[PDB]
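For reference, the structure is listed below as structure tokens.
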Amino acid sequence: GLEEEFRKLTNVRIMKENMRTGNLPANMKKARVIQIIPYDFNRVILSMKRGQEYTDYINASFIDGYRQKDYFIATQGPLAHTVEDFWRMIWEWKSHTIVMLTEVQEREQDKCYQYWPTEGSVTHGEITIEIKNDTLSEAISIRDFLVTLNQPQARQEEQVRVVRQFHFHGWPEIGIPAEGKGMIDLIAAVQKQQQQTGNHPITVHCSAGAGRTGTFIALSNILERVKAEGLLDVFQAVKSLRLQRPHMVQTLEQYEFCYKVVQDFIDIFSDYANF
């Protein structure tokens, strides 16, 4: 049953007619995994100076939430030479929340560049990031950063924001979590934070930007639909993500984990059972 659904998800077409920007030779080096790049219709567009060129491109897509269009930004873990773009996207598109679903290294290999300072300040491009708080609590690090856009010198005192990063440590190096609880806590805590910040897009990334990232987005969409309408359709939620960005929810085991977390949620919250 579940194998047959995932085969049909696998059958969702890559719409290469709309993949021109990420396939430009200059932009291919900005992708970590080249088959996982945005469609042009929902790619996150950065600003561009008069001189330098192809700098309007980042491997990132707007992804719809349950209530809201463009609710998430699904992106890859930044590369050393894409870290300035990463923060330019956070700034220009006013993200106040980052959800990180990978370690910097897993199974002895580089999965994501450490784009945030562990202590003190770091400056990437025109943007300075300073960590102010860092609390570990049950497989989730919550980090608060003071983010400052340093240009022009004129408006600079207005150009300060607090960006909060949720770093999930609960996904093992091999396979999928044994329990759904850690993912539900992560989802709950990110949604709580969106109230205080309002409807600014949430930045979600793993390493290549599809597997765990799509799992998180799919589960947030699914659980919010259950709470609002009591209706459940895992297949449609995931397929709809594949229509927005290639390979969202990448492996059969991640699709299994989607169902596990959903069952765990209804086991905790009985008022939603058996509709």
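By order in the structure tokens, chains are A, B, ...; within a chain, residues start at 1; ligands start at 1, following the order shown.
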Discussion item. Please return, as an NGL selection string, all residues of region 18-256 of chain A that DSSP assigns to alpha helix (DSSP H) on the basis of the backbone.
Written reply: :A and (20-23 or 25-28 or 83-92 or 181-197 or 211-229 or 234-242 or 252-256)
Discussion item. Excluding residue 84 (chain A) and its own-chain neighbours fewer than 5 positions away, which residues fall within 10 Å of it when counting only C-alpha atoms? Please give them as a VMD selection string.
Written reply: chain A and resid 78 to 79 89 115 123 to 127
Discussion item. Which residues are close to residue 94 (chain A), i.e. within 8 Å by only C-alpha atoms, leaving aside same-chain residues fewer than 3 positions away? Reply as a list in words.
Written reply: residues 89, 90, 91, 200 and 201 of chain A
Dump as a PDB file, in the first residue's frame, selection limited to C-alpha atoms:
ATOM      1  CA  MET A  89      17.915  35.712   1.181  1.00  0.00           C
ATOM      2  CA  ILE A  90      17.113  35.643   4.915  1.00  0.00           C
ATOM      3  CA  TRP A  91      17.406  39.408   4.933  1.00  0.00           C
ATOM      4  CA  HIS A 200       7.150  35.870   7.504  1.00  0.00           C
ATOM      5  CA  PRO A 201       8.412  32.825   5.589  1.00  0.00           C
TER       6      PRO A 201
END
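Among the candidates A:157, A:40, A:224, A:179, the residue lying nearest to residue 17 (chain A) is A:40 (atoms considered: only C-alpha atoms).
Distances from A:58, A:218, A:100, A:243 to residue 27 (chain A) were compared using only C-alpha atoms, and the smallest one belongs to A:58.
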Worksheet entry | Sel. of strand (DSSP E or B) residues, region 12-250 of chain A, as number ranges by chain | A: 43-45, 57-63, 72-75, 97-100, 105-106, 109-110, 121-124, 127-137, 140-149, 160-168, 202-205
Worksheet item: So which residues touch region 51-55 of chain A within 12 Å, counting only C-alpha atoms, skipping near sequence neighbours fewer than 6 positions away, as a VMD selection string?
Response: chain A and resid 21 to 30 44 to 45 81 to 82 84 to 86 88 to 89
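Among the candidate residues A:43, A:96, A:69, A:181, the one lying nearest to residue 164 (chain A) is A:96, with distances computed using only C-alpha atoms.
Minimum distance to residue 214 (chain A) across A:41, A:265, A:87, A:72 (counting only C-alpha atoms) occurs at A:72.
Take CA of residue 134 (chain A) and CA of residue 195 (chain A): the distance between them is 20.7 Å.
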Fill in: Neighbour list for region 139-143 of chain A as number ranges by chain, cut-off 12 Å, only C-alpha atoms, skip fewer than 6 positions in-chain
A: 96-103, 116-119, 129-133, 162-172, 177, 181-190, 193
So that I have them on file, write out the residues from the current selection with C-alpha atoms, as a compact mmCIF listing (two decimals), in the first residue's frame.
# COMPACT_ATOMS: atom_id res chain seq x y z
CA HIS A 96 12.86 35.35 11.07
CA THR A 97 12.97 31.54 11.52
CA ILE A 98 15.45 28.93 10.34
CA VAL A 99 14.82 25.18 10.65
CA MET A 100 17.98 23.11 10.22
CA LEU A 101 17.51 19.37 9.73
CA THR A 102 21.11 18.15 9.34
CA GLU A 103 24.41 18.15 11.13
CA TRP A 116 26.25 30.83 11.90
CA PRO A 117 28.79 31.81 14.60
CA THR A 118 29.07 29.44 17.53
CA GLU A 119 30.29 32.36 19.68
CA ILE A 129 25.38 37.73 12.49
CA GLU A 130 25.90 37.69 16.27
CA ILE A 131 24.72 34.85 18.50
CA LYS A 132 22.98 35.97 21.71
CA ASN A 133 21.40 32.79 23.10
CA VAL A 162 16.43 38.76 15.58
CA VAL A 163 16.59 35.54 13.56
CA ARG A 164 15.90 32.35 15.47
CA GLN A 165 17.32 29.01 14.41
CA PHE A 166 15.92 25.61 15.38
CA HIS A 167 18.61 22.95 14.96
CA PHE A 168 17.08 19.48 15.10
CA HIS A 169 19.50 16.75 16.27
CA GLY A 170 16.98 13.90 16.34
CA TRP A 171 17.43 12.37 12.90
CA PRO A 172 19.98 9.52 12.96
CA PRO A 177 13.98 8.36 13.90
CA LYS A 181 7.82 12.64 19.19
CA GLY A 182 10.93 14.66 18.35
CA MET A 183 9.49 15.77 15.01
CA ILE A 184 6.17 16.76 16.58
CA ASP A 185 7.97 18.84 19.20
CA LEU A 186 10.02 20.52 16.48
CA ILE A 187 6.90 21.30 14.45
CA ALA A 188 5.02 22.57 17.52
CA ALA A 189 7.89 24.86 18.56
CA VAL A 190 8.38 26.33 15.08
CA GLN A 193 7.38 31.00 17.13
Worksheet item: What lies within 8 Å of residue 161 (chain A) using only C-alpha atoms, ignoring chain neighbours under 5 positions off, as a list in words?
Response: residues 96, 146, 147 and 148 of chain A
What would the file look like if the residues just selected were written as a CSV table (one decimal), in the first residue's frame with C-alpha atoms?
chain,number,residue,atom,x,y,z
A,96,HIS,CA,12.9,35.4,11.1
A,146,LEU,CA,21.2,39.5,16.0
A,147,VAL,CA,21.3,40.1,12.3
A,148,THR,CA,22.4,43.5,10.9
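Of the listed residues (A:49, A:205, A:227, A:192), A:205 comes nearest to residue 113 (chain A); the distances count only C-alpha atoms.
The space separating CA of residue 255 (chain A) from CA of residue 6 (chain A) comes to 7.2 Å.
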